[PDB]
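Asks:
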Ligand SMILES: COc1ccc2nc(C)c(O[C@@H]3C[C@H]4C(=O)N[C@]5(C(=O)NS(=O)(=O)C6(C)CC6)C[C@H]5/C=C\CCCCC[C@H](NC(=O)OC(C)(C)C)C(=O)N4C3)nc2c1
Ligand SMILES: [Zn+2]
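Residue numbers (the working numbering): 3 to 199.
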């Protein structure tokens, strides 16, 4: 009992910058500082933007702020706290059945607005700041206009699918893979986030 370890916090280590005309990834914390912040849960770094790059000791993925909540996938975050300036913050939403978790959005982040356009021309944002056109094909699936090896999408779970006007349509969850090629993606629809709320 006395030696049982604690899992560390999820740590914001960068962001996907969408503020201007060029999308690009920014790193805001290196691997050593990430490891230390994960164990303490105390992250005093400035947060900006809608799409964060996040890490645990063993994985790296994305998280997206919608309606004042920073959302990501359960398969990346599990039940972990997130590091914050005052110490670890507990998830306010956890739904393993949806592969969904959420924490209160960090001070300084910006939130996306849920889409009400009813449009099926979407855009997936990856951890490399690629903006991938995706045609919506059902409630929780979309096809890539240009299929990509799954290598290209790995590490982008938790990222957004957006409509043409930049509203949030969903959270990227899984790639639909044939012979290692992603022809489609599965996502958590923003309406499911809204119901979880
Ligand atoms: C533990 O509790 C849970 C609860 C719910 C759950 N729901 C799940 C749906 C679930 O799927 C598993 C995780 C998820 C996954 O790899 N996502 C990311 C990603 O980038 N991840 S990540 O950032 O690298 C990482 C790994 C966090 C750091 C987006 C894709 C990028 C590339 C695809 C690589 C090859 C895997 C292809 C799987 N295709 C797949 O299953 O397709 C369907 C059509 C669904 C069969 C798939 O995509 N997969 C399996 N695992 C869970 C686990
Ligand atoms: Zn919209």
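Even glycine gets a Cβ: it sits at the ideal position worked out from N, Cα and C.
Assuming residue 49 and residue 31 form a contact by the criterion Cβ under 8 Å, report the distance between their Cβ atoms to the nearest whole angstrom.
Replies: For this step, residue 49 is matched to residue 47 along the chain shown. For this step, residue 31 is matched to residue 29 along the chain shown. The pair is not a contact, with the Cβ atoms about 11 Å apart (cut-off 8 Å).
Asks: I need the straight-line Cα distance from residue 218 to residue 114, nearest angstrom please.
Replies: Any answer about residue 218 is impossible in this case: the structure gives the chain only from 3 up to 199.
Asks: Sort 187, 179, 171, 161 by Cα distance to residue 74 and report the nearest one.
Replies: In the chain shown, residue 74 corresponds to position 72, counting from 1. Per the Cα distances, 161.
Asks: What is the DSSP secondary structure of residue 144, counted as helix, strand or coil?
Replies: Locating residue 144 in the chain shown gives position 142, where the first residue counts as 1. Strand at residue 144.
Asks: Check residue 177 in the structure and name its three-state DSSP category.
Replies: Mapped onto the chain shown, residue 177 falls at position 175. Reduced to three states, the DSSP call for residue 177 is strand.
Asks: Quick one, which of 64, 176, 41 has its alpha-carbon nearest residue 90's?
Replies: Residue numbering aside, residue 90 sits at position 88 when the chain shown is read from its first letter. Cα-wise, what sits closest to residue 90 is 41.
Asks: For ligand 2, which residues have a Cβ under 5 Å from at least one heavy atom, in chain order?
Replies: Having a Cβ closer than 5 Å to some heavy atom of ligand 2 are 117, 119, 165, 167, 169.
Asks: Is it buried or exposed, residue 52, if we count other Cβ atoms within 10 angstroms and call 16 or more buried?
Replies: Position 50 of the chain shown, counted from the first residue, corresponds to residue 52. By the 10 Å Cβ count, residue 52 comes out buried.
Asks: Is residue 72 near ligand 1, with its Cβ less than 7 Å from a heavy atom?
Replies: Walking along the chain shown from the start, residue 72 turns up at place 70. The answer is no for residue 72.
Asks: Is the closest heavy atom of ligand 1 to the C-beta of residue 27 under 7 Å?
Replies: Here residue 27 refers to the residue found at position 25 when the chain shown is read from its first residue. For ligand 1, not one heavy atom lies less than 7 Å from the Cβ of residue 27.
Asks: Closest to residue 158 by C-alpha separation, out of 71, 175, 84, 3, would be which residue?
Replies: Position 156 of the chain shown holds residue 158. Considering only alpha carbons, the answer is 175.
Asks: Let me check one thing: in DSSP terms, what residues is residue 16 bridge-paired to?
Replies: As a first step, residue 16 is located in the chain shown; it is residue number 14 there, counting from the start. Answer by DSSP bridge pairing, in chain order: 29, 55.
Asks: Among 62, 27, 18, whose alpha-carbon lies nearest the alpha-carbon of residue 37?
Replies: As a first step, residue 37 must be located in the chain shown, where it is residue number 35. The residue with the shortest Cα to Cα distance from residue 37 is 62.
Asks: For residue 86, count neighbouring C-beta atoms within 10 Å of its own C-beta (all shown protein chains included) and say buried if the count is 16 or more, exposed if not.
Replies: Translated into positions along the chain shown, residue 86 becomes position 84. Under this definition residue 86 is a buried residue.
Asks: Quick one: using the 10 Å Cβ neighbour count with 16 as the cut-off for buried, is residue 167 buried or exposed?
Replies: Indexing the chain shown from 1 puts residue 167 at position 165. Its Cβ having fewer than 16 others within 10 Å, residue 167 is exposed.
Asks: In terms of alpha-carbon separation, which member of 98, 100, 64 lies closest to residue 84?
Replies: Against the chain shown, residue 84 aligns to sequence position 82. Per the Cα distances, 64.
Asks: Consult DSSP for residue 155 and reduce its assignment to one of helix, strand or coil.
Replies: Translated into positions along the chain shown, residue 155 becomes position 153. It is coil, neither helix nor strand.
Asks: Note down, in chain order, each residue of its chain lying with its Cβ closer than 8 Å to the Cβ of residue 184, except the 5 sequence neighbours on either side.
Replies: Counting from 1 along the chain shown, the entry for residue 184 is found at position 182. Excluding sequence neighbours, residue 184 sits near 146, 149, 150, 151, 152, 154, 155, 177, 178.
Asks: Taking only the alpha-carbon atoms, compute the straight-line gap between residue 194 and residue 68 and give it to the nearest angstrom.
Replies: Translated into positions along the chain shown, residue 194 becomes position 192. Translated into positions along the chain shown, residue 68 becomes position 66. Their Cα atoms are separated by approximately 12 Å.
Asks: If you measure between the beta carbons of residue 143 and residue 188, is that distance less than 8 Å?
Replies: Locating residue 143 in the chain shown gives position 141, where the first residue counts as 1. Locating residue 188 in the chain shown gives position 186, where the first residue counts as 1. Cβ distance < 8 Å, so residue 143 and residue 188 count as in contact.
Asks: Is the separation between the beta-carbon of residue 163 and that of residue 124 shorter than 8 Å?
Replies: Along the chain shown, read from residue 1 onward, the residue named residue 163 stands at position 161. Along the chain shown, read from residue 1 onward, the residue named residue 124 stands at position 122. For residue 163 and residue 124, yes; Cβs fall inside 8 Å.
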